[PDB]
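Participant: Sharing a structure, written as structure tokens. Questions coming.
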Amino acid sequence: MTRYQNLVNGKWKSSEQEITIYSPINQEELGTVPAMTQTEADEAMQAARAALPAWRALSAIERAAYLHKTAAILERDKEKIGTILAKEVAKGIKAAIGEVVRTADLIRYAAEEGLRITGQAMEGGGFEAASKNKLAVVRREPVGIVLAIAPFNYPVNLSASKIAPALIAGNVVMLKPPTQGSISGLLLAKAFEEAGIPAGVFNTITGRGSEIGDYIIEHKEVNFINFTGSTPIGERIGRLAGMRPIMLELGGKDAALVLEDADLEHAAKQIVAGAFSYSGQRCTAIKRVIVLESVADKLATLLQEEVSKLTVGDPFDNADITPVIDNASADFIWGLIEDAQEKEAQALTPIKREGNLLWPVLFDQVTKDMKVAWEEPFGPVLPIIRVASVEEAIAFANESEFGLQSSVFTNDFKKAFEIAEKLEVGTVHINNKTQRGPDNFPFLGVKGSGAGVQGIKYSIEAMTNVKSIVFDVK
Amino acid sequence: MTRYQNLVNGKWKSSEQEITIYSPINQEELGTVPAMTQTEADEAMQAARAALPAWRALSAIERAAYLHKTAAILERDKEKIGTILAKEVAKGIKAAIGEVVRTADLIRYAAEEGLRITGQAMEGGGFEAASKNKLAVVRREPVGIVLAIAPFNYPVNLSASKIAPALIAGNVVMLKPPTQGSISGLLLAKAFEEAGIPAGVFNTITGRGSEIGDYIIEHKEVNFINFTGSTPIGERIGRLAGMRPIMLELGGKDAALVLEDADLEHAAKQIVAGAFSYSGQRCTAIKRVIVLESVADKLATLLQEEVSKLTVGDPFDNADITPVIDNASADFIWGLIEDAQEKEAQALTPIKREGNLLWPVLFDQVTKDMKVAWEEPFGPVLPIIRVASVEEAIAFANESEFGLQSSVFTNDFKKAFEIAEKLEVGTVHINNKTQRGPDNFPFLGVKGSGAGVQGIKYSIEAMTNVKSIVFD
Amino acid sequence: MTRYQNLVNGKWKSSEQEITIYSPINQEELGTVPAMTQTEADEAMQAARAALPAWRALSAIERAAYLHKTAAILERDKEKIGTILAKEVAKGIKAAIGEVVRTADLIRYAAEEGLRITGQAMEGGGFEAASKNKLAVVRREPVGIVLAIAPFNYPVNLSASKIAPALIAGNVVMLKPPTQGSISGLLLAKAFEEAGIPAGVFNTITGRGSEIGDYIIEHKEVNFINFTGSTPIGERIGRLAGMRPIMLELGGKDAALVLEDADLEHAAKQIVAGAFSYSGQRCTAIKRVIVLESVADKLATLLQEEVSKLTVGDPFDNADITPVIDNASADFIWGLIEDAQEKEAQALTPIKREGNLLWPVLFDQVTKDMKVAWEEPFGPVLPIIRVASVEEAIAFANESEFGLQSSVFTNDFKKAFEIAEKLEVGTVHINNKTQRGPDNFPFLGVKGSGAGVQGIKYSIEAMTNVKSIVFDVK
Amino acid sequence: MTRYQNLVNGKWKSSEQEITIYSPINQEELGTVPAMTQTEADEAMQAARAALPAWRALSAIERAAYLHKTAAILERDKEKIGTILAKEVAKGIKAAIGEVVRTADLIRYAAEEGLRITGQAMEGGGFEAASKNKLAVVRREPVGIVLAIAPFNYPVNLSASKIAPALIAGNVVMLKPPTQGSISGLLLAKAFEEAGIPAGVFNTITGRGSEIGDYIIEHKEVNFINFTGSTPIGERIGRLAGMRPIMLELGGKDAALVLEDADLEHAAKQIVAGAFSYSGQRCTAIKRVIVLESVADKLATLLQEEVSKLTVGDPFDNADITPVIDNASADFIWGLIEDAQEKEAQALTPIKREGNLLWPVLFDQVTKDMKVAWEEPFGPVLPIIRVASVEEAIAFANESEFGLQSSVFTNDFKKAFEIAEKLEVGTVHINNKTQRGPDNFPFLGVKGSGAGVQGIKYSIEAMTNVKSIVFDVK
Ligand SMILES: O=C[C@H](O)COP(=O)(O)O
Ligand SMILES: O=C[C@H](O)COP(=O)(O)O
Ligand SMILES: O=C[C@H](O)COP(=O)(O)O
Ligand SMILES: O=C[C@H](O)COP(=O)(O)O
């Protein structure tokens with residue numbers, strides 16, 4: 001019964017109350033995290049504010065040295081961290097060891113990306129002849145206190161993808177780990193503390209969302225909100241932030257537009273590997289298949305073979321399909337499956353449940369009226385939608401409320417490029433599954449998938465402030 | 001009795017109701033502008049949404065051609081537009097003609113800068129050996145319908161600085177000209193219509209702010225709100241926009257920090273020219289002087305002479321101090337002046353009201369308890385605040401709720417650079433007054449002066465969406 | 001008999017000796033240009049060196065104003081300059097006025113692009129913690145005097161492409177027009193002087209190569225040599241320039257790699273349009289077809305139909321095949337054609353020669369021993385080369401000594417991209433012919449095809465010097 | 001008595017003959033170096049040509065892993081390499097060890113900088129409406145084989161500054177160590193080979209310039225020459241290169257312009273620290289004090305006491321003034337001192353000579369007639385030159401045939417910026433000594449002082465070719 005604590009002003013501290021964390025696999029007690037109160041969150045913010053000056057008065061290479069030390073420690077304990085993460089959010093054990101390794105690679109790259117940030121030296125001579133002697137030296141300064149709110153699916157990766165870009169840029173970071181996955185956020189904080197990050201530069205906040213979860217967002221000391229989660233909470237954040245800068249990475253129903261000339265075997269393998277990784281619990285996952293009618297049958301057969309080869313089971317057996325995060329999540333996904341079945345959709349895959357453990361349901365004949373065609377299941381369902389033309393596929397893709405990513409499988413790259421130009425998404429992948437990619441590529445969503453563009457350089461550039469210094473050079 | 005109309009879907013439209021516009025100089029009826037209803041706003045947004053795809057299907061050079069045409073036409077009617085915008089916001093006629101010519105120059109520069117927006121080609125390898133031979137082609141696409149809300153002080157320049165950067169990027173623009181200054185917004189729309197801009201690409205919205213003011217901000221067709229105005233209204237817009245991208249350019253109490261080793265004559269001339277241009281109704285004006293005690297008396301004397309050389313009167317006489325925009329504005333300035341003089345501030349110039357026409361009040365011995373050290377007047381009042389140290393000056397400057405711009409007057413540029421690093425503003429000017437400047441320069445506020453970075457390149461970038469395309 | 005004059009120090013200057021220029025189409029006469037002596041070249045160089053300080057002192061928008069005025073005057077006298085151009089180099093009057101118009105467009109774009117050249121404000125904190133208070137403001141200064149040597153092909157376009165990028169960046173320009181199309185260069189100077197560009201900012205130096213050819217290149221006043229022409233002369237310039245910066249745009253042997261999946265009709269049309277534009281006298285024209293065996297016969301038939309549809313005549317009938325520039329050119333192309341004939345290459349189109357007027361020769365079954373497979377003809381002859389594999393095509397394309405551009409005609413863009421990365425050229429066009437393209441695109445050659453990157457942005461950057469100013473900010 | 005060998009194709013080689021290398025400190029023999037022949041140089045070039053298309057095919061992060069391994073090994077053996085370097089080139093032991101760790105974190109920065117080189121995605125629609133659908137994907141490809149020639153000055157630092165920016169860019173490198181400092185080049189090769197660098201990727205050439213000196217520069221395998229030496233040999237190289245790209249870092253005569261408002265104590269300290277570091281044997285050292293007559297006497301006294309407190313002796317006692325590299329250098333420097341004192345220059349510090357070890361000479365009343373005012377001594381001689389105005393100082397500064405770096409000591413920064421923009425140098429330091437600076441900063445000479453822009457990013461981009469791939473998106 002481990003009693004994990006909160007990093008606050010460089011000291012590990014606990015709270016009077018604590019939240020118990022149960023495995024989504026078998027409800028094993030993983031430990032407890034403190035249930036902070038509003039005054040505790042307030043004092044963590046005031047520690048951050050006090051640590052900010054000396055942190056941004058450091059040279060970039062020094063902050064990067066701290067970051068590199070953190071990444072080394074994180075890679076050192078990749079199995080300790082990986083096991084706890086694997087039982088905390090019920091993801092495959094190699095998938096959970098893989099997240100820690102990808103995390104360390106991400107913060108190494110962010111440390112090295114954020115010490116190469118170059119300003120501009122602009123002159124007014126090109127705009128007007130009267131300002132020919134004026135020189136603006138434009139650079140970037142930290143926004144201040146960055147508040148990072150991590151999601152459950154990648155509690156170590158999508159938390160470090162906010163902490164490391166903010167830290168190298170000179171900001172202090174306040175981390176809010178998810179409700180499920182908070183022990184992993186505290187373990188990330190342990191790696192940061194072991195590195196030697198100065199007191200107050202990185203603080204953690206754990207608690208009930210009904211007590212401090214709004215209080216930390218509307219706090220006056222917070223200068224930037226970096227949030228990954230679902231679109232409802234993201235829309236609430238966008239209004240609770242006022243006009244303070246935010247980065248929201250919300251839900252996505254990513255389409256796989258498959259056309260007649262698509263190499264269907266590769267398309268099916270990629271579509272299934274994208275759709276069912278972490279049992280569908282990914283924002284950047286293939287969440288619908290929009291296939292043309294002429295190849296829809298063969299694509300459905302290949303998709304069925306791929307989805308039948310998926311091993312459902314328990315995280316430590318390295319199952320492709322592990323239990324979903326909550327019972328409420330399984331109930332919501334089950335409702336989507338029920339609604340599809342009631343409207344005469346062809347479930348060409350066993351449709352059975354075992355509590356949290358759902359089965360990789362591949363549906364066909366999915367129409368506009370089924371909720372599985374629009375709602376993000378965040379679980380193991382994959383709709384197949386048949387369209388008559390490319391225009392119908394593009395209209396179906398752009399009918400979604402989400403614009404995160406999309407895949408276009410073709411053989412004609414000129415055709416794929418103009419479809420990609422037509423798709424109202426942030427990223428289009430040509431003949432590949434949709435993903436966050438190398439975390440040096442831009443990662444952004446549109447209409448409902450969030451605000452701002454991520455990617456390591458884009459995240460460093462987003463939690464900074466432009467400061468122009470203008471003088472005369474005669 | 002000119003009945004100005006609204007550009008919607010290329011055609012000119014009027015409404016049943018009408019707002020009447022009176023000069024802040026002598027209250028003459030300048031004309032009337034339509035008071036659109038929420039349904040008419042909706043139709044303007046639908047015209048915009050239908051015009052968007054053919055506008056971004058146009059090549060960049062083809063849209064820049066329209067922008068250059070509009071700038072040439074607008075410079076053609078520099079005197080006609082200038083007189084109307086002079087008597088509409090009580091701006092000096094040589095400054096109102098200058099606003100139009102600088103507007104034309106901004107549209108030219110925006111066209112030619114939005115021609116050259118180049119994307120990236122990232123390679124994946126270098127972050128992972130697995131993602132080697134994945135190529136991301138990163139480019140920018142228009143956000144969609146850009147809603148621009150212009151301020152009264154520059155109805156033509158600060159509406160074009162939202163329209164032209166958005167239009168060149170591929171967006172369609174829905175302009176919301178201010179209440180005082182709506183006629184100049186339609187005079188700017190006249191140029192866009194004359195220069196063959198396609199239907200629905202540029203539309204104008206005029207009406208009472210209690211009928212369509214929130215209806216247009218909250219509309220779902222709006223994809224970007226570009227707003228210039230006051231901090232209360234901007235803070236309201238910030239929440240009303242949701243997670244839609246916004247550009248807010250709110251107020252600012254720009255400080256003029258003067259040190260002991262500083263050319264006081266140059267500093268005084270710059271401080272007064274900045275502070276009292278358009279009689280203080282500028283977001284980027286010197287709105288407070290923070291001088292060190294040793295040079296405070298010499299600077300006060302020099303500042304007083306500079307203020308005394310100011311001409312107060314009528315815009316068409318090219319006065320330095322024309323009347324403020326409204327009576328409520330003058331009452332608010334007069335309240336600040338009263339609060340200051342009822343607290344023993346040394347008024348160094350003759351406090352004198354004549355209706356809207358206020359007088360260039362220069363105050364001294366201003367402390368933190370007077371509400372003129374903190375509140376942005378938007379009128380002809382300059383507080384001198386004396387501090388004992390450079391640290392005291394920086395703390396006083398950073399105590400403001402605004403962070404737009406600031407000036408540091410000294411002779412040690414290394415000292416000025418250090419102070420500029422410490423100042424929580426967007427732009428620091430060393431040994432010059434604050435200004436929006438060369439409009440290619442970044443223009444931004446922090447802390448409460450706004451959200452986002454303006455300046456033409458930054459404006460074009462802000463109203464676009466990154467569109468990555470990854471392949472093998 | 002029009003006695004054209006050299007623009008020197010704002011004044012029109014003539015010489016004791018004048019070179020006479022005759023029409024390549026009928027040897028008529030067009031006028032004379034001053035054959036300057038070396039002292040005259042010195043006075044032009046000194047005029048430029050004295051004009052340099054006040055031209056640099058100008059604001060960028062003020063320098064751009066002259067450029068825009070020149071562009072307007074050029075677009076005004078489009079038909080006059082065009083007629084003299086089509087007379088000078090036998091180009092085709094609708095393709096000669098097009099050169100004048102594309103030249104004014106280039107000048108406008110160069111002015112507007114040079115307005116926006118922004119510097120860097122680099123900090124040392126990312127590299128070391130001891131330099132964290134040092135700021136480098138890095139901007140670009142003019143090199144000084146730029147010597148632009150134009151070719152006969154495009155004597156106002158490939159001349160403006162050196163003058164305008166140089167002028168907008170603050171340099172003063174020496175223009176050495178081609179010995180043949182010099183009258184067109186003096187017309188360009190007429191336009192620049194009419195715009196009102198200051199005295200000594202743009203001068204022209206005509207003459208005989210044996211007197212002032214190496215003389216102006218070796219002058220110590222010249223700070224940059226921008227030369228486009230033939231590869232041997234380019235090598236001589238590369239030696240003669242010492243360590244002074246140069247930009248050489250030399251010959252090319254651009255290949256059209258045609259694979260089996262290619263759309264052969266599009267390939268044939270693109271290849272013929274690229275290859276026979278201006279009678280093959282372009283460095284960026286297609287100059288050899290490298291085609292796989294399977295589709296080679298169908299491609300050759302399509303290519304033959306395209307070639308035997310080209311108009312051969314005089315420039316004022318707007319012929320696609322107008323006479324080559326001089327008699328030595330026609331003799332060299334005829335020699336290549338003969339060498340191909342004796343080694344049993346299949347002439348797919350008639351082999352005719354009416355003096356300078358050559359007929360377009362499509363040669364099939366061309367092998368590595370015929371010299372038309374390697375040498376740049378600068379004449380209307382295109383060899384088709386058959387290869388058995390994609391690797392054979394890449395080996396044959398990279399066997400050339402030239403590296404300017406190439407086309408890959410394919411249907412698989414992934415394959416086309418792989419081949420493009422394998423081709424040793426500056427630019428690869430996928431399913432299109434080679435061109436200088438939009439002039440904002442980079443234009444460069446590799447191994448034997450030149451030195452430096454052209455394109456308006458790259459040309460502006462090439463003829464400037466980085467000037468870094470480093471100071472403490474704390 | 002160690003016999004060092006040449007890294008060729010992953011193997012160590014002696015040739016038949018060996019150049020024996022002696023310590024410039026006394027004469028102590030420290031080893032021999034293979035006197036390679038033209039044939040062996042050819043085999044090394046061919047090994048590099050064969051290793052190229054596997055190093056290119058590697059990922060940027062893998063090539064960077066090799067670079068980081070080399071940097072780690074280099075810091076592991078900093079004292080052994082440093083001691084050998086200090087006796088090899090006669091610099092203080094703490095300064096020879098300090099260019100081994102400065103070299104290692106030059107190598108780290110080079111790798112981290114080279115693995116985020118981004119390309120462009122240019123569209124043609126801004127230039128013309130006919131090319132709106134053309135997209136250029138502009139990326140950078142390795143130049144090929146890089147020839148790096150190091151100077152004796154920094155045989156490790158000024159060698160890695162060419163190797164690492166090359167190797168990270170994907171192109172293989174051949175290193176020619178200086179004749180005096182060959183041991184250090186082979187010691188750096190030892191670290192590169194120990195790191196695991198693939199065979200043929202990093203080779204080393206030693207021998208006699210009369211045998212293999214022009215032979216390697218003129219070799220057709222070489223695609224880029226990166227040379228830092230003296231202006232004569234750089235003039236030869238710029239000619240022998242042809243049109244092959246080169247980077248030349250030649251000599252300098254950096255001036256410290258001191259005006260009347262200047263802080264004279266700071267100027268006096270900075271000037272001596274910059275001028276006499278490594279016995280004045282740096283290209284970027286201060287070699288000229290140009291001071292206004294009002295403050296010239298006070299400056300001269302401060303400078304004299306600054307120079308007098310320097311220590312002259314042995315490198316292992318960490319003398320500030322260690323002996324110059326060879327006897328020819330001491331003869332030339334003594335000739336400069338001679339010419340100065342015959343023409344009635346006022347020696348402010350004693351002039352001495354102990355064969356190779358000279359004493360630092362502060363010369364006042366230096367005029368444009370003494371050779372010490374114009375020639376680069378590469379020895380501990382600093383001439384003070386008095387001028388009557390700032391315009392006279394700028395005229396004297398620009399009178400030099402060198403354009404590398406310059407210092408302006410002022411108190412008015414607007415004045416210092418004015419003068420800096422007037423100065424014909426590559427870098428101007430305001431109120432600080434000239435230096436190569438943080439190596440991320442641009443480093444260049446703009447006169448007969450060099451060709452090309454160095455600095456880690458600038459040298460990475462110099463030894464690459466732009467490759468544009470243009471296709472239609474439509
Ligand atoms: O929330 C899930 C993320 O958006 C999915 O991206 P990732 O699995 O590549 O980190
Ligand atoms: O309303 C505020 C404007 O941004 C001020 O413009 P300006 O500083 O150029 O005079
Ligand atoms: O000399 C010939 C030029 O390089 C060919 O290019 P261009 O005809 O497209 O301008
Ligand atoms: O030019 C050479 C500089 O004097 C020293 O170079 P470095 O930065 O490698 O030590």
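Residue numbers start at 1 in each chain; chains themselves are named A, B, ... in the order of the structure tokens; ligands are numbered from 1 in the order shown.
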Residues at most 7 Å from residue A:19, counting only C-alpha atoms, excluding those fewer than 5 positions away in the same chain, as an NGL selection string?

Facilitator: :A and (32-35)

Participant: Put those residues in a file: N, CA, C and O atoms, as a CSV table (one decimal), in the first residue's frame.

Facilitator:
```csv
chain,number,residue,atom,x,y,z
A,32,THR,N,-2.0,5.0,-3.1
A,32,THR,CA,-2.8,6.1,-2.9
A,32,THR,C,-2.0,7.4,-3.3
A,32,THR,O,-0.8,7.4,-3.2
A,33,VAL,N,-2.7,8.4,-3.8
A,33,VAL,CA,-2.1,9.7,-4.1
A,33,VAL,C,-2.8,10.7,-3.2
A,33,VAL,O,-4.0,10.5,-2.8
A,34,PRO,N,-2.1,11.8,-2.8
A,34,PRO,CA,-2.7,12.8,-2.0
A,34,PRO,C,-3.9,13.4,-2.6
A,34,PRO,O,-3.9,13.6,-3.9
A,35,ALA,N,-4.9,13.8,-1.8
A,35,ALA,CA,-6.1,14.5,-2.3
A,35,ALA,C,-5.9,15.9,-1.9
A,35,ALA,O,-6.3,16.3,-0.8
```

Participant: Ligand 4: which residues are within 10 Å, counting only C-alpha atoms and all ligand atoms, as a PyMOL selection string?

Facilitator: chain D and resi 95+98-99+102-103+106+151+153-161+228-229+249-252+274+277-278+280-286+404-405+434-439+443-445+455

Participant: Any idea what's packed within 12 Å of stretch 386-392 of chain B, counting only C-alpha atoms, ignoring anything in its chain fewer than 3 positions away? Could you give it as a ChimeraX atom specification?

Facilitator: /B:256-261,288-297,299-300,345,363-368,373,383,395-399,408-410,415-416,418-420,422-423

Participant: Dump the neighbourhood of ligand 2 as JSON, numbers by chain: all residues within 10 Å, distances computed on only C-alpha atoms and all ligand atoms.

Facilitator: {"B": [99, 102, 151, 152, 153, 154, 155, 157, 158, 228, 229, 249, 250, 251, 252, 273, 274, 275, 277, 278, 280, 281, 282, 283, 284, 285, 286, 378, 404, 405, 433, 434, 435, 436, 437, 438, 439, 443, 444]}

Participant: At a cut-off of 12 Å, using only C-alpha atoms, what residues contact residue D:263? Leave out same-chain residues fewer than 4 positions from it and give the result as a list in words.

Facilitator: residues 412 of chain B; 258, 259, 267, 268, 269, 270, 295, 298, 299, 302, 408, 409, 410, 411, 412, 430, 431 and 432 of chain D

Participant: Deliver the residues from the most recent selection as a file, using N, CA and C atoms, as a PDB file, in the first residue's frame.

Facilitator:
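That gives us out_34.pdb:
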```pdb
ATOM      1  N   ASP B 412      23.116  54.122 -21.413  1.00  0.00           N
ATOM      2  CA  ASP B 412      23.766  52.830 -21.327  1.00  0.00           C
ATOM      3  C   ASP B 412      22.856  51.777 -21.938  1.00  0.00           C
TER       4      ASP B 412
ATOM      5  N   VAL D 258      39.114  51.967 -30.354  1.00  0.00           N
ATOM      6  CA  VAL D 258      38.836  52.557 -29.051  1.00  0.00           C
ATOM      7  C   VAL D 258      38.547  54.037 -29.234  1.00  0.00           C
ATOM      8  N   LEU D 259      37.376  54.471 -28.789  1.00  0.00           N
ATOM      9  CA  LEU D 259      36.967  55.866 -28.855  1.00  0.00           C
ATOM     10  C   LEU D 259      37.045  56.494 -27.470  1.00  0.00           C
ATOM     11  N   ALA D 267      38.528  48.040 -21.933  1.00  0.00           N
ATOM     12  CA  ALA D 267      39.113  47.909 -23.261  1.00  0.00           C
ATOM     13  C   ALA D 267      40.533  47.381 -23.183  1.00  0.00           C
ATOM     14  N   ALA D 268      41.325  47.907 -22.257  1.00  0.00           N
ATOM     15  CA  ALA D 268      42.718  47.515 -22.100  1.00  0.00           C
ATOM     16  C   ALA D 268      42.828  46.051 -21.717  1.00  0.00           C
ATOM     17  N   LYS D 269      41.974  45.601 -20.808  1.00  0.00           N
ATOM     18  CA  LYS D 269      41.961  44.201 -20.409  1.00  0.00           C
ATOM     19  C   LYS D 269      41.499  43.271 -21.521  1.00  0.00           C
ATOM     20  N   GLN D 270      40.394  43.620 -22.189  1.00  0.00           N
ATOM     21  CA  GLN D 270      39.877  42.817 -23.289  1.00  0.00           C
ATOM     22  C   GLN D 270      40.885  42.722 -24.419  1.00  0.00           C
ATOM     23  N   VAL D 295      42.234  59.820 -25.864  1.00  0.00           N
ATOM     24  CA  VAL D 295      42.336  58.795 -24.836  1.00  0.00           C
ATOM     25  C   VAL D 295      43.499  57.853 -25.092  1.00  0.00           C
ATOM     26  N   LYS D 298      46.233  57.410 -22.049  1.00  0.00           N
ATOM     27  CA  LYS D 298      45.687  56.630 -20.947  1.00  0.00           C
ATOM     28  C   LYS D 298      45.513  55.174 -21.356  1.00  0.00           C
ATOM     29  N   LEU D 299      44.978  54.947 -22.560  1.00  0.00           N
ATOM     30  CA  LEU D 299      44.818  53.590 -23.057  1.00  0.00           C
ATOM     31  C   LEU D 299      46.155  52.883 -23.161  1.00  0.00           C
ATOM     32  N   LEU D 302      47.420  51.830 -19.698  1.00  0.00           N
ATOM     33  CA  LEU D 302      46.651  50.688 -19.214  1.00  0.00           C
ATOM     34  C   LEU D 302      47.026  49.416 -19.968  1.00  0.00           C
ATOM     35  N   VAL D 408      34.862  47.258 -31.380  1.00  0.00           N
ATOM     36  CA  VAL D 408      34.623  48.679 -31.173  1.00  0.00           C
ATOM     37  C   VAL D 408      34.377  48.882 -29.690  1.00  0.00           C
ATOM     38  N   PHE D 409      35.227  49.668 -29.048  1.00  0.00           N
ATOM     39  CA  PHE D 409      35.084  49.962 -27.629  1.00  0.00           C
ATOM     40  C   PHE D 409      34.536  51.375 -27.505  1.00  0.00           C
ATOM     41  N   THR D 410      33.332  51.484 -26.960  1.00  0.00           N
ATOM     42  CA  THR D 410      32.576  52.722 -26.910  1.00  0.00           C
ATOM     43  C   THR D 410      31.780  52.716 -25.618  1.00  0.00           C
ATOM     44  N   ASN D 411      31.079  53.806 -25.370  1.00  0.00           N
ATOM     45  CA  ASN D 411      30.014  53.841 -24.384  1.00  0.00           C
ATOM     46  C   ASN D 411      28.672  54.179 -24.998  1.00  0.00           C
ATOM     47  N   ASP D 412      28.663  54.780 -26.183  1.00  0.00           N
ATOM     48  CA  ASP D 412      27.449  55.018 -26.950  1.00  0.00           C
ATOM     49  C   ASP D 412      27.236  53.831 -27.879  1.00  0.00           C
ATOM     50  N   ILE D 430      31.130  44.568 -29.855  1.00  0.00           N
ATOM     51  CA  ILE D 430      30.998  45.860 -29.198  1.00  0.00           C
ATOM     52  C   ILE D 430      31.384  45.685 -27.737  1.00  0.00           C
ATOM     53  N   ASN D 431      32.464  46.353 -27.332  1.00  0.00           N
ATOM     54  CA  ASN D 431      32.974  46.360 -25.964  1.00  0.00           C
ATOM     55  C   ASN D 431      33.490  44.999 -25.527  1.00  0.00           C
ATOM     56  N   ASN D 432      33.906  44.168 -26.471  1.00  0.00           N
ATOM     57  CA  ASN D 432      34.523  42.891 -26.150  1.00  0.00           C
ATOM     58  C   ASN D 432      35.547  42.583 -27.222  1.00  0.00           C
TER      59      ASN D 432
END
```

Participant: Select all residues from chain C having any atom no more than 8 Å from an atom of chain B (counting only C-alpha atoms, ignoring ligands), output as a PyMOL selection string.

Facilitator: chain C and resi 112-113+116+414+472-474

Participant: Would you put the residues from that selection into a file with C-alpha atoms, as an mmCIF file, in the first residue's frame?

Facilitator:
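Generated file (again29.cif):
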```cif
data_model
loop_
_atom_site.group_PDB
_atom_site.id
_atom_site.type_symbol
_atom_site.label_atom_id
_atom_site.label_comp_id
_atom_site.auth_asym_id
_atom_site.auth_seq_id
_atom_site.Cartn_x
_atom_site.Cartn_y
_atom_site.Cartn_z
ATOM 1 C CA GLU C 112 9.400 42.499 -52.839
ATOM 2 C CA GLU C 113 11.483 39.535 -51.672
ATOM 3 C CA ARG C 116 11.712 41.139 -46.350
ATOM 4 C CA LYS C 414 6.921 6.673 -53.750
ATOM 5 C CA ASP C 472 26.509 41.817 -24.113
ATOM 6 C CA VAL C 473 22.861 42.108 -23.091
ATOM 7 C CA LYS C 474 23.502 41.996 -19.342
#
```

Participant: Write out as a ChimeraX atom specification every residue belonging to chain C that has an atom at most 8 Å from any atom of chain D, counting only C-alpha atoms.

Facilitator: /C:109,122,124,127-128,131,136,138,235,238-245,417,420,425-432,437-442,444,446,450-451,453,465-472

Participant: Could you go through stretch 174-217 of chain C and tell me which residues DSSP, when run on the backbone, assigns to alpha helix (DSSP H), listing them as a list in words?

Facilitator: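 Alpha helix (DSSP H) members of stretch 174-217 of chain C, listed: residues 182, 183, 184, 185, 186, 187, 188, 189, 190, 191, 192, 193, 194, 195, 209, 210, 211, 212, 213, 214, 215, 216 and 217 of chain C.
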
Participant: Of the candidates A:178, A:348, A:253, A:461, which one gets nearest to residue A:403 if we count only C-alpha atoms?

Facilitator: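 Closest candidate: A:253.
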
Participant: Quick check, in Å to one decimal: how far apart do atom CA of residue B:138 and atom CA of residue A:402 lie?

Facilitator: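 Between atom CA of residue B:138 and atom CA of residue A:402 the gap is 19.7 Å.
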
Participant: What is the atom CA of residue B:132 to atom CA of residue A:265 distance in Å?

Facilitator: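 Calculated distance between atom CA of residue B:132 and atom CA of residue A:265 is 22.8 Å.
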
Participant: Between A:323, A:312, A:382, A:318, which one has atoms that come closest to residue A:337, using only C-alpha atoms?

Facilitator: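 The answer is A:382, which sits nearest to residue A:337.
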
Participant: Quick check, in Å to one decimal: how far apart do atom CA of residue C:200 and atom CA of residue C:146 lie?

Facilitator: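 For atom CA of residue C:200 relative to atom CA of residue C:146, the distance reads 12.2 Å.
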
Participant: Write out as a ChimeraX atom specification the residues lying within 9 Å of residue B:307, counting only C-alpha atoms and excluding same-chain residues fewer than 2 positions away.

Facilitator: /B:272-273,276,302-305,309-310,349,360-362
